[PDB]
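Quick notes on the structure that follows.
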Amino acid sequence: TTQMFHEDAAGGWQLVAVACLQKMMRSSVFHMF
């Protein structure tokens, strides 16, 4: 689901792609702790 078709403001069919704690809680250091 990297990209999806969606109507834009004008024209269409653009196919666009698709917080410290959020960045840290995937860290391996947190898992070790």
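The chains in the structure tokens are called A, B, ... from first to last as shown; in each chain the residues are counted from 1, and the ligands are counted from 1 in the order shown.
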
All alpha helix (DSSP H) residues (DSSP, backbone) inside chain A, as a VMD selection string: chain A and resid 20 to 25 28 to 32

List every residue of chain A that DSSP, applied to the backbone of this structure, places in strand (DSSP E), and write the result as a VMD selection string. chain A and resid 3 to 4 16 to 17

Could you work out how far atom CA of residue A:24 lies from atom CA of residue A:4, giving the answer in Å with one decimal? 28.8 Å

Do you know which residues are at most 9 Å from stretch 12-16 of chain A counting only C-alpha atoms, after dropping those on the same chain fewer than 5 positions away, and could you put them as a count of residues only? 6
